[PDB]
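Taken one at a time, structure 1 and structure 2 that follow are two forms of one protein chain, written as C-alpha cells.
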Structure 1
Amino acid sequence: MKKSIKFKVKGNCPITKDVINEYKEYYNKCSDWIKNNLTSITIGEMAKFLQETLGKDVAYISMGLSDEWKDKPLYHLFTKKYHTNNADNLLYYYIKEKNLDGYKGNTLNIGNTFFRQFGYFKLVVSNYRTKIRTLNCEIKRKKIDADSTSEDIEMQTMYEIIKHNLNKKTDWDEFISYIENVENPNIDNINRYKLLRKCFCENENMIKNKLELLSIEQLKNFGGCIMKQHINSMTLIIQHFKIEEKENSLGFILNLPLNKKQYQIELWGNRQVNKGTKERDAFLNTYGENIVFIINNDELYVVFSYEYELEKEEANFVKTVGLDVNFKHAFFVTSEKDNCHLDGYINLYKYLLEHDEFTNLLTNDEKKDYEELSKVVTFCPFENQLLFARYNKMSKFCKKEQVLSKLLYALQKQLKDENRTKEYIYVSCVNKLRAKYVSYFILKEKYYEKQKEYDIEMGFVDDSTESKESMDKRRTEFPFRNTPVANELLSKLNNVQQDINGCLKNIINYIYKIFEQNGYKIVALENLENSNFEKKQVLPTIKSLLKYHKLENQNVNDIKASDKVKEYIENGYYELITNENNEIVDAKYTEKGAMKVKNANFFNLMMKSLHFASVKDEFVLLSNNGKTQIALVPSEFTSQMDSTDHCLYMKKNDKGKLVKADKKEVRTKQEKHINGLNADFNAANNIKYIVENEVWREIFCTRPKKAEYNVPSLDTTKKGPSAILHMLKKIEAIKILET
C-alpha cells in the first residue's frame, strides 16, 4: 500500500502557474492528436515508420509488426492485452520523431525525460487507458435464458467475454471447473453456460468481428481527454532525486535537477511525518519517483509517495454495536440502551430533558417520544423541524429552537470549563453543524433566485428545441456561472460546506473513539445510498401548474377532478388570476405556499449537504488504524424488519405472491414502529443482529477477507435482494403484516 504526503514549500520556488500552464497546454495538444488519430491509423504504420527512420532491433518496434497488432487501430495500444511499456515507448517515439505535440522545450529547462516523456505524455497515456479499458457496451449481467432469441444468445456470448476478460475456448475450460467445483452450483445456470460454450465454438470469429466494430463505434467522436483550465498541477517522474532533512529544523529539502544542475526547494515540516516517529523513516527510505507540483490558494505544494505497512486488525465478534443513520430526529441512533457506562460518553437527550424550560414547551406526545431517545445511546441531536424555525420567523417551533440552542450552547461552555476536551469538541461541532446548515440553505436559495432573476432579465430567445448551436448563442457567451454575482456565491457555498464536512468528521471521530475505548470490536452500519432518503414532496411549480397539468385557462368552478390538485386548492398554497368569466390567467405563490416549498427544500437539501450516503466512509477510514473495525449490511432491509421477532413484514399481492412491504406501511402514525419501539432504535437493533448471528452473517455480508485500505472488514453481499429474501424464508424469519 502506498500513501501520499503533501508538503508546503517555504520561500520562492521557480515553479509557477506559467510552467504549469504550458505543461497543461502540451497535454492538451498531445491529447488532441491522439483523439484525432485514435481510429484512423494502424500500429503497423507507426512501427514501420520508426523502423525505416531510426533503425533498431528494440522490442517496442517488433511488437508493432507481429501480425497481432499490425492491422489494428491505435486505440488497441491502450487496452490491457498490450504490454504497458512497449505501447508507451512506441507511441512516444512516433509522436516525438514527427514532433506532433509541438514541443519547443519548457520554461525552466526541466529535463525532457522528466517533463515530456514521463511528464504530460505519461498522464495522457494513462488517462486514455482508463477510457478505453472502461469502453464497453453496457449489457445486463443476467441469465441468458438458455435457448433464447439468437440475438440475445450472441450478445450474451460476446458480453461475457469482456465481462470476464476472456480470449478463446481456453478461457471457457477454466470456467467449467469454476462452477463445477463450487458450493450449491446453479444447475440451471450451468446448462446456460454449457449452451454459451456450445454456441461460442461455431461463431467465435463473428464474436471478434462484432466486438471490433462496436468498440470503434463507441469512439466515433469522443473529443479526447482534456485537462481543465483550473487544474493548477503538473506531474514529473524523476528517477534520481534526493529528499533530505533540514539541519536543526523540522523541515525538509528537495534537490530536484533543473537545467543540468540540482536546485533546492525547502519544505515545511509535517506532524504527519514528525521527527523521531516510525513514519518519517518509512517516508525517507521508501519514497517514490512521481513529484506533483500543485497550486492551491496561490501557494505551491509538493506531493510525494511512499510505501506504508498496513496493520488493520481482524474482526472479533465478541462485542458488536449497530448504528442507524436517519436525518429525522437524531443523526446517529445506536443499538445500546444508555445505562451511564460508556466512559467519556455524553448523552444530550438525557441532558435536554433535565431542564424544565425545554420540557414545558413539549406536548404530551412529544415528551413521550423524547424520553424514548433519552434512554438509547445516541449522537448529534440534529432537530430538522426545530432548525427550520431559524429561517421561518412565523413558525410554531420558534420557541423550542431557542431553548434547545441555549441549553446546548450552555453545555458547550460547561464542558470547556470542566476540561473535558473530547466531549467539548463533540458538542461544539454539533452546535456549529446546526448553525452552518441554515447558512448553506440561505446561500443555495439565494443562488437559485439570482439565477432566476438573471435568466428572466436576459430573456434568452432561441428557436425550436432541436440542438445546441440551434439555440441562442448568448447562452454560452454569457452564462450565469461566469457572471460575477454567481461566482462569489459559489465560493461562499464552498467555505460553508468545508466547515460542514469538518464538523461531521469531528462528530464521527467522537463516536468511533467512544465505542473503541469501551471495548466494542465491530460497528455495524448499512450500505446507505441516496435512494433511502425519503424526499419531501415540493408543491407543483407555477410554470408547470397549469401548462403541463392542462389546467391552463380552465374554468374556476371545475378545473379538473384530480385529487392532488384538489388538495393543493383546499389550502391557500396557490393563488389564481381569474379571467372575465371563470377561467385562469396566471398563478402567484402565496405566503403559505412559498414557505411550504421552502420547508420542503430545507429537508431535501440535507441528503446532499450532509453526506448521508458517505457517513460509512468516515467509519471505514477510521477503522484502518483503529482497534474497532466496521461491518456493512445491505440497505432497505433493517429499518422495516421487526427487531423483537427478527422477521420481515410483507403484504399479499394481487397475484397472491408474497411481497416485502415498505417502511411507511410497517410504521404506525407518529413515526413509531408497530413493534412499539423507536423507528431508529429498531433499525439499530436489526443492524446488530445481522452481524451478531452467524446464520444471518453469511446471508447479508461477505466472508472475511484479508485487510485492505478503506475496505470494510465485512462488506455487503453482491447477491440480489430477491436472493436475500429466499434465504430469509429458509430460516423462516418472516411474518405477514396484516391479512
Structure 2
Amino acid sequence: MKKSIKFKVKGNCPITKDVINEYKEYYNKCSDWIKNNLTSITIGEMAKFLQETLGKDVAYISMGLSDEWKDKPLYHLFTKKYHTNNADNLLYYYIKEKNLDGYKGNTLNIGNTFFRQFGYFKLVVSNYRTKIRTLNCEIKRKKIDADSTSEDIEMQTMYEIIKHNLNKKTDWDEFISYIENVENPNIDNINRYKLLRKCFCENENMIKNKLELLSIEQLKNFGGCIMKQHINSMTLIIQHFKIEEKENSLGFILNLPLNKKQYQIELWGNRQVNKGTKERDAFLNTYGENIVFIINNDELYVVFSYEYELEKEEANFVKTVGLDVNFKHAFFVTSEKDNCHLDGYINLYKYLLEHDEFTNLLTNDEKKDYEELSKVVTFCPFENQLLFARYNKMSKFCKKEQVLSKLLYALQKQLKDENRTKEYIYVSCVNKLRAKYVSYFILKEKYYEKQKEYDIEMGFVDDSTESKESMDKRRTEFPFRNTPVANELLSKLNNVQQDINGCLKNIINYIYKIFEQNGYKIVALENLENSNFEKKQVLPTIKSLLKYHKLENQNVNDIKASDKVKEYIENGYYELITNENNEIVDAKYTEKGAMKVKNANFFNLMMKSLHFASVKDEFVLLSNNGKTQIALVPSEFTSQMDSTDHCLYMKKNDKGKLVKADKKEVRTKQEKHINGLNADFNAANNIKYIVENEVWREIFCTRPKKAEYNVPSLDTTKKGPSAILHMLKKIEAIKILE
C-alpha cells in the first residue's frame, strides 16, 4: 500500500514554470501523434522498422512481429492484453528513432531517461491506456415512430443499454415493470421500451458487437489526451536519488541528478513526518521512484511516495446508527433519539428552542416540527429557507434568520468562554458555512451577469450553424474565460469553496468522533453518487418567451395561454412591452420573478457546492484510521418506507394490481411521513435496518472483504430504482396503502 507526503521546498530551485511548460508541450505533441496514428499504423509495421533499423534481438521487437499482434492497429498497445513494458519500449523506440515528438532536450538538461521516457511519455502512455481500457460510444437520443427502420431501432437499443445498464434478460423485465405500474402511466414511452426489449431478446450478441465496433469507429474522431493549460506540474521517475535529513533540523534534503551532477534541494518539515514517529522511518526507508514537482500559489512543492501499512478494522455489527443528508432543516439527521447519552454532543435544536425570542416567530405547525426534530440526535442546523433571507431582503423569513444567527453566534461565544473546544469548532464551522454558501451564490451570480455582459458586448455573428466551420471566429479566439474579469471571480470562488470544504470536513470530523467515542461501531449512509439534479423549477426566460412560446405575436388584451404559462402571465413576473397594434415587442424580467429565478439558482447550486454526494467519502476517510467503519446502503425508497413495518407502500390504480404509490402520498409535507415520524428520522432508520438486519445485509450490501484504503466495509450491490423495487418484493416488504 502506497501513500504520499508533499513537501515545501525551502530556498530557490531551478525548476520554474518554463521547465514545466516544456514538459507540457512535449506531452501534447507526443499525445497528438499517438491519437493521429491510433488506427493508421499496425504494431508489426513498427516492430519491423525497429528490427530493420536497429537489428536488436529483444522481446519488445519479437512480440510486435508475432502473428498475435502483427497486423492489429496501434491502439492495441494500450489494451490490457499487451505486455506493459514491451508496449512501452516498442512505442517509445519507434517514436524516438523517428523523432516524432520534436524533442530538443529540456532547459535543465535533466536525464532523458527521467524527463522523456519515464517522464512525459510514461504519462502519455498511461493516459491512452485509461482511455482505451475503458472505451465507450456516444449515441444521440432520437424519437421513433411505430414504423421505424430496424437500424434506428437497433441504434436506440444501444442508446438504452448505456443509459440504464440493461444487459441481462431480467434487467428488461424490471425496467418495464417499474415504469408500467406508475399510476396513470405514460403510454408514449412504455411502448418504446417494450419495442426495444424485442430487439435485445432477438439480436443480443449482434447488439454488443455493434456497440464495440461503433466505439472503435468513433475513436477516429477522438481528439486525444490533452494536458490542460492550468496544470503547472511535472513528474519524473528516477531510480537513484537520495533523501536525507537536514542535520540539526526538522527539514529534509533532496539530491537529484541535474546536468550529470547532484543538485541539493532543501525541503521544509511535515508534522506528518516527525523525528520520533514511525511515519518518518517508513518514508525514509521505502520512498518510491516517482517525483512530482507541482507549482501551487507560486510555491514549489515536491511530492514523493512510500509504502505504509494499513490497520483498518473490520465491521462488528454491535452498535449501528444511520444518517440522512438533507438541506431544509438539518444537514445530518441520525437514527438516534436525543436522550442525553452522547458524551461531548451538543444539540443545537434543543438550544434554539430554549429561547422564547425564536419560538415566538414560529407558527403552531413550525413549533411542532422543530420540537419533533429536537428530540433526535441531529447536526449542523442548515436552514435552506432561512438562509436565502440573507440574499432576499424582502423575504418572509428575514427576521427568523437574524434571531437564529444571533443565538448560534452567542452559543459560539459561550462555548469559547467555557473551553469546550470541539463543540466550539463545530459551532463556528456551522456559522461560517452558512455565510460562505451565500458568498458563493453571490459570486457565481456575478459571474453569470458578467459573462452575459461580455457576450452581448462582443456581438457574435454566425454565417451558419451546426458546425464550428460556420460559427464566428471570435468565439474561440476571445472566450470570456480569458478575460481579466472572469479570472478574479473564479479565484474568489475557489477561495470560498476552499473555506466551505474545510468547514464541512470539520463538521464531519466532529460527528465521526462523537459516534466513535460513544461506542458506535458502524455508521450507515446512503450510497449517493450524483448531486447534479435537474433544475426542475422553470420560469421561462425572455428569449424562450418570444422565440419558443410565440408570445411575441399575441394580443396584449387577449393572450393565447399555454397551460401553466398563463399563471406566470397573470403574476407580475414579466413586464411585457406592448406594441402599437395590440402586440408584444419586448419582454422584461420583473423583479418579483427575478427573485424567483434567484431562488431557483440558489437551491440548485446548494446541492452541488456543499458536496451532497461526498459526505460518505469523508466518513470513509475518517474510517481509515478510526474505530468506526462506514457502511454504504442503497439510496432508493429510504424516504418512502415505513420504519416500523419495514415495508414499502403499494396502492391500486383503477382495476389494477399492487402498484407503487406516488412519493407525495407518503410524505405529505417535507417534515413528516404518514407513519408519524419525521421524514428524515424515518429515513435514518431505514438506512440502519439494511445493516442491522443480518438477512437484509447480504441482499443489498456486498460481502465483507479484507480492509482496504478509502473503501467502505460495506458497499451496495445493485444500482437503480428498478433493481431495488424487485428485491423488496421477494421478502414481501410491501404493505397496502389503505
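Here, residue number means position along structure 1's sequence, counting from 1. By rigid core we mean the largest C-alpha set that fits within 1.5 Å across both forms.
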property: Residue among 623, 215, 347, 643 whose Cα moves 2 Å or more between structure 1 and structure 2, once the rigid core is superposed; result: 215
property: C-alpha of residue 206 moved at least 2 Å between structure 1 and structure 2 on rigid core; result: yes
property: Core-superposed comparison between structure 1 and structure 2, residue 728 Cα displacement 2 Å or beyond; result: yes
property: Displaced residue check between structure 1 and structure 2: residue 584, CA, 2 Å or over, core reference; result: yes
property: Shift in Å of the residue 63 Cα between structure 1 and structure 2 [rigid core superposition]; result: 0.8
property: Inter-form CA displacement between structure 1 and structure 2 at residue 184 - rigid core frame, Å; result: 35.8
property: Core superposition result - C-alpha of residue 486, shift between structure 1 and structure 2, Å; result: 2.1
